[PDB]
Each structure stands twice: as structure tokens, then as C-alpha cells.
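Report on the following structure.
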Amino acid sequence: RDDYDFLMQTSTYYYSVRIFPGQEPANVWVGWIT
Amino acid sequence: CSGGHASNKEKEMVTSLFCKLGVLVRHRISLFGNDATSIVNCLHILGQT
Amino acid sequence: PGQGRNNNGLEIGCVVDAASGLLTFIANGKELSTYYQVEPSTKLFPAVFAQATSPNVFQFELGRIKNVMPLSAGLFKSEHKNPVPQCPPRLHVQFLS
Amino acid sequence: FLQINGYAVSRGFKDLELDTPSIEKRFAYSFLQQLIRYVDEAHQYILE
Amino acid sequence: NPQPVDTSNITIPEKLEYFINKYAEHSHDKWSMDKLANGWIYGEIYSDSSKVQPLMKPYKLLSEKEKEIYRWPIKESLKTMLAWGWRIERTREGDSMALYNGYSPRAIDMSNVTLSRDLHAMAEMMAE
């Protein structure tokens, strides 16, 4: 289990993208934009 | 303007068809059994084409 | 590994270090080589560019992993200390047009 | 599954070449040509 | 007249045989989860009336006969495919896949994956 104090002090954020099977992932790009 | 015009040889061969159809219809309206009018109209539309 | 999208849906996880500006990506539980470094005060929008080759294209998951606080905490100021992932109505997909 | 393992199956025989520059295969070409053949045949028919 | 294209003359290759083995693995897998969904009881004795059977064992473990009764229709399938003259090419990424060679046995979303139109027409002619 991750430390709750660590979760409180950290600033790193996460998300995810699930490419559904059969969707050609070469045609899929994931990341951040401004 | 969509495209697909007749070729030069197409035009040549159409004109040759015209000439030979005129030769065919020349002095043969009596030989044609009242279809001479049909050939007349044929050569007509050929002339406008 | 190859054919990761075949057996199961492929999962790309994007982690951003707002304190240092490091952007890293983890696919199938291992951190990919490509990483980015952004200058301070940058606003980064989660984004996916996809050419649909299937009726179902993809899925944004707003979950969280070990030692990383979920995206809603970063987005909303009220939930800055809420470990529970959230998808409030303000968050929504926008497409370029 | 063939697609999954990446095996591409294609047509049994690829086309060797299409003589599109040669205008003999035009629909007007062959049709009007047979038209001329029948016209000439009927012309010599009526000459007889 | 109900006649297909005879194909007894052609022989199957081995690079195609690896694909055949993988697709027979898939056939066994979906058959196994078909039995799980239906509720066939796991037991050494095989009785259809009692619904008991022992064949939920993995493909490599699986009986060679069962592997063979998958492989056979697959063999005549690729055999007729070659009788149609259709050439088959293994991609280099696919070759790398064979070279490379919890734990949930998961099938493949056949409906979600998509096929090209020419291959659709090939699917229709082979179906007929």
C-alpha cells in the first residue's frame, strides 16, 4: 500500500488510455498537448 | 466537362460509318420496305452527331 | 513486446510530475523510453489522436497507480488532497473542428 | 486471425498490365466497329 | 449444383503451419470457454448425459487428436485458399512475434477488429 503521507505531499498525476482491441494502435497516439 | 470525349480514331470511324451509310441509303429507298424513313432519320441524327 | 493490443486492450499510462515538469509513459507495466521535459507554468491537456479502425476507438481512464495521485486531484482545486479518482461533469471530451 | 498474425493474403493472380492507352478496348470502339462490320455486310448484301 | 473447388493436390507449408498451430490454440481456447459457459463438469470420465468431461486442459497439454481435429479443417481451409491461388505473406513483425514466442486466458474481440473490403469479398466467396 502506498504511503498516504506520500500521496498527500506528491504532485505527480496519472491518467490512462485503453485502446480497445482491434483498433490499430499505430493509428492511435497518446500524450499531452498545450 | 466531366470528361470522356471520343478519340480521334473514334471520330474517324464515326465519319466513315456516316459515309458508308450514305452510300447504302443512296438510291435504295424503294429497296427499303418503308424503313427508308427509319434510315433517313438515322442518317439525320448521324449528321447532327 | 509486440501484439500487446491483441491479447488485451493496450494501456498507455501518462504520468506528469507537476513539480518538475517530467512527462513519462508506461505501457503494459513498463516505462517507455520516450520522455519529455516541459518548462515551468506549462498547461498540459490530456489528448489522444486516433484514426478509427474499429467501431470502438479508445477509452480515457481517470484511474490512479502506485504512488501517483489521480488526474482529478490535479485538475480540480477542491480535490487537491482527494486520492479517490473522480470524473465530474466539467471534464468532457473535446474534438478539433 | 490471419490479420492478427500479420499474414496478408492477396488475390490469386495479379493483373499483368492494362492496355488503357490503346483505345481499341473502348466500348464505343468495339461497338461502333461491329456496327461498321454489319453496315458493310448489309451494304454488299443489298448490292447482291 | 453443390460442388466446391477441389484442392487435394496442394500441400500445406510449415510457416503456415505455425499460424495453423496458433489458430488451433485459439480454437481450443474458445471451445474451452464455450464449455465453461455451458457448464460442462470437470471429470476424468466422459459422459454427455452426465455432462462430465476432462478436456479443459491447455492446448499444449491437450490431446493430439483434439489438436488434430482442429488442425484438419484448418488444413483443408488453407488448402482451398491456396487452390484459389491466393498467396500468403508473413510480415516481419509477425516473424519477430514467432521468434519472441493475473494470467487470464483471454480471447480476441473478432467483432471489434476490422477487415478490408477485398478481404470481405474473399470471405464471402470462401463462405459460399
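Residues are named by chain letter and number: chains run A, B, ... in the order of the C-alpha cells, numbers start at 1 in each chain, and ligands are numbered from 1 in the order shown.
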| message | Could you list, as a list in words, every residue within 10 Å of residue 10 in chain B, counting only C-alpha atoms and ignoring same-chain residues fewer than 6 positions away? | response | residues 16 of chain B; 23, 24, 26, 28, 29, 32 and 33 of chain D
Can you work out which residues from chain C touch chain E at a cut-off of 8 Å (counting only C-alpha atoms) and hand them back as number ranges by chain? C: 2-3, 6-8, 53-56
Hey, can you spit out that residue selection with C-alpha atoms as a CSV table (one decimal), in the first residue's frame?
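Result went into again.csv, see below:
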chain,number,residue,atom,x,y,z
C,2,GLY,CA,4.5,-6.7,-29.8
C,3,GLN,CA,0.9,-7.6,-30.2
C,6,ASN,CA,-4.0,-8.1,-29.5
C,7,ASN,CA,-4.5,-10.3,-26.4
C,8,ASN,CA,-5.9,-7.4,-24.3
C,53,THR,CA,-10.2,1.3,-37.4
C,54,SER,CA,-12.9,-0.2,-35.3
C,55,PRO,CA,-16.4,0.7,-34.0
C,56,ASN,CA,-14.9,1.2,-30.6
What are the nearest atom pairs, with distances in Å to one decimal, for all residues of chain A that come at most 12 Å from chain D, using only C-alpha atoms, set out by chain and rising residue number as JSON lines?
{"residue": "A:21", "atom": "CA", "partner": "D:4", "partner_atom": "CA", "distance": 10.7}
{"residue": "A:22", "atom": "CA", "partner": "D:4", "partner_atom": "CA", "distance": 8.9}
{"residue": "A:23", "atom": "CA", "partner": "D:4", "partner_atom": "CA", "distance": 11.6}
{"residue": "A:24", "atom": "CA", "partner": "D:4", "partner_atom": "CA", "distance": 10.6}
For the residues in the current selection, export N, CA and C atoms as a short mmCIF file (atom, residue, chain, number, x, y, z; two decimals), in the first residue's frame.
data_model
loop_
_atom_site.label_atom_id
_atom_site.label_comp_id
_atom_site.auth_asym_id
_atom_site.auth_seq_id
_atom_site.Cartn_x
_atom_site.Cartn_y
_atom_site.Cartn_z
N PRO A 21 -9.18 -3.53 -28.16
CA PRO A 21 -8.54 -4.49 -29.07
C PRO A 21 -9.20 -4.46 -30.44
N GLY A 22 -8.37 -4.50 -31.47
CA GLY A 22 -8.83 -4.37 -32.84
C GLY A 22 -8.69 -2.98 -33.41
N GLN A 23 -8.56 -1.96 -32.58
CA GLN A 23 -8.23 -0.62 -33.04
C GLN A 23 -6.73 -0.57 -33.27
N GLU A 24 -6.32 -0.32 -34.51
CA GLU A 24 -4.91 -0.35 -34.85
C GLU A 24 -4.16 0.71 -34.05
#
Each residue of chain D lying at most 12 Å from chain B should get a row with its shortest atom-to-atom pair and the distance in Å to one decimal, counting only C-alpha atoms; could you produce that, ordered by chain and increasing number, as JSON lines?
{"residue": "D:21", "atom": "CA", "partner": "B:7", "partner_atom": "CA", "distance": 11.1}
{"residue": "D:22", "atom": "CA", "partner": "B:7", "partner_atom": "CA", "distance": 10.7}
{"residue": "D:23", "atom": "CA", "partner": "B:7", "partner_atom": "CA", "distance": 7.7}
{"residue": "D:24", "atom": "CA", "partner": "B:9", "partner_atom": "CA", "distance": 9.3}
{"residue": "D:25", "atom": "CA", "partner": "B:10", "partner_atom": "CA", "distance": 11.5}
{"residue": "D:26", "atom": "CA", "partner": "B:10", "partner_atom": "CA", "distance": 9.2}
{"residue": "D:27", "atom": "CA", "partner": "B:10", "partner_atom": "CA", "distance": 10.5}
{"residue": "D:28", "atom": "CA", "partner": "B:10", "partner_atom": "CA", "distance": 7.5}
{"residue": "D:29", "atom": "CA", "partner": "B:10", "partner_atom": "CA", "distance": 6.5}
{"residue": "D:30", "atom": "CA", "partner": "B:10", "partner_atom": "CA", "distance": 10.1}
{"residue": "D:31", "atom": "CA", "partner": "B:10", "partner_atom": "CA", "distance": 10.8}
{"residue": "D:32", "atom": "CA", "partner": "B:14", "partner_atom": "CA", "distance": 7.4}
{"residue": "D:33", "atom": "CA", "partner": "B:13", "partner_atom": "CA", "distance": 7.8}
{"residue": "D:34", "atom": "CA", "partner": "B:17", "partner_atom": "CA", "distance": 10.8}
{"residue": "D:35", "atom": "CA", "partner": "B:17", "partner_atom": "CA", "distance": 8.1}
{"residue": "D:36", "atom": "CA", "partner": "B:17", "partner_atom": "CA", "distance": 6.1}
{"residue": "D:37", "atom": "CA", "partner": "B:17", "partner_atom": "CA", "distance": 9.7}
{"residue": "D:38", "atom": "CA", "partner": "B:17", "partner_atom": "CA", "distance": 10.5}
{"residue": "D:39", "atom": "CA", "partner": "B:21", "partner_atom": "CA", "distance": 7.1}
{"residue": "D:40", "atom": "CA", "partner": "B:20", "partner_atom": "CA", "distance": 7.5}
{"residue": "D:41", "atom": "CA", "partner": "B:24", "partner_atom": "CA", "distance": 10.7}
{"residue": "D:42", "atom": "CA", "partner": "B:24", "partner_atom": "CA", "distance": 8.5}
{"residue": "D:43", "atom": "CA", "partner": "B:24", "partner_atom": "CA", "distance": 5.8}
{"residue": "D:44", "atom": "CA", "partner": "B:24", "partner_atom": "CA", "distance": 9.0}
{"residue": "D:45", "atom": "CA", "partner": "B:24", "partner_atom": "CA", "distance": 10.3}
{"residue": "D:46", "atom": "CA", "partner": "B:24", "partner_atom": "CA", "distance": 8.2}
{"residue": "D:47", "atom": "CA", "partner": "B:24", "partner_atom": "CA", "distance": 9.0}
{"residue": "D:48", "atom": "CA", "partner": "B:31", "partner_atom": "CA", "distance": 11.9}
Worksheet item: Excluding same-chain residues fewer than 6 positions from residue 1 in chain A, what lies within 12 Å of it counting only C-alpha atoms, as an NGL selection string?
Response: (:A and (7)) or (:C and (65-68))
With only C-alpha atoms counted and 10 Å as the cut-off, give the residues of chain D in contact with chain E, each with its shortest interatomic distance in Å and the pair that gives it, as JSON lines.
{"residue": "D:1", "atom": "CA", "partner": "E:23", "partner_atom": "CA", "distance": 7.1}
{"residue": "D:2", "atom": "CA", "partner": "E:19", "partner_atom": "CA", "distance": 7.9}
{"residue": "D:3", "atom": "CA", "partner": "E:115", "partner_atom": "CA", "distance": 8.2}
{"residue": "D:4", "atom": "CA", "partner": "E:94", "partner_atom": "CA", "distance": 8.5}
{"residue": "D:5", "atom": "CA", "partner": "E:94", "partner_atom": "CA", "distance": 5.6}
{"residue": "D:6", "atom": "CA", "partner": "E:94", "partner_atom": "CA", "distance": 5.5}
{"residue": "D:7", "atom": "CA", "partner": "E:90", "partner_atom": "CA", "distance": 4.4}
{"residue": "D:8", "atom": "CA", "partner": "E:89", "partner_atom": "CA", "distance": 5.2}
{"residue": "D:9", "atom": "CA", "partner": "E:88", "partner_atom": "CA", "distance": 4.3}
{"residue": "D:10", "atom": "CA", "partner": "E:86", "partner_atom": "CA", "distance": 5.5}
{"residue": "D:11", "atom": "CA", "partner": "E:86", "partner_atom": "CA", "distance": 5.1}
{"residue": "D:12", "atom": "CA", "partner": "E:86", "partner_atom": "CA", "distance": 3.8}
{"residue": "D:13", "atom": "CA", "partner": "E:85", "partner_atom": "CA", "distance": 6.8}
{"residue": "D:14", "atom": "CA", "partner": "E:86", "partner_atom": "CA", "distance": 9.9}
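CA of residue 94 in chain C to CA of residue 49 in chain C spans 11.6 Å [interatomic distance, one decimal].
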- request: Name the residues of chain D that fall into helix (DSSP H, G or I) according to DSSP on the backbone, using the chain letters and numbers of this document, as an NGL selection string.
  value: :D and (23-25 or 27-47)
Would you output that residue set with C-alpha atoms, as a compact mmCIF listing (two decimals), in the first residue's frame?
# COMPACT_ATOMS: atom_id res chain seq x y z
CA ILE D 23 -8.08 2.87 -77.49
CA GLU D 24 -9.21 -0.37 -79.16
CA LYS D 25 -10.84 -1.53 -75.92
CA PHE D 27 -16.82 0.49 -75.52
CA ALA D 28 -17.53 2.90 -78.36
CA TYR D 29 -14.58 1.40 -80.24
CA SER D 30 -15.72 -2.23 -80.34
CA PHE D 31 -19.42 -1.38 -80.61
CA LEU D 32 -19.00 1.07 -83.47
CA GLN D 33 -16.57 -1.34 -85.11
CA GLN D 34 -19.12 -4.15 -85.12
CA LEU D 35 -21.61 -1.55 -86.33
CA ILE D 36 -19.36 -0.89 -89.33
CA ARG D 37 -18.90 -4.62 -89.96
CA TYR D 38 -22.66 -5.13 -90.07
CA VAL D 39 -23.16 -1.99 -92.17
CA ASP D 40 -20.65 -3.18 -94.77
CA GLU D 41 -22.09 -6.70 -94.74
CA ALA D 42 -25.60 -5.35 -95.27
CA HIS D 43 -24.29 -3.00 -97.96
CA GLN D 44 -22.84 -5.81 -100.04
CA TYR D 45 -25.96 -7.84 -99.17
CA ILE D 46 -28.16 -5.16 -100.75
CA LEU D 47 -25.71 -4.87 -103.65
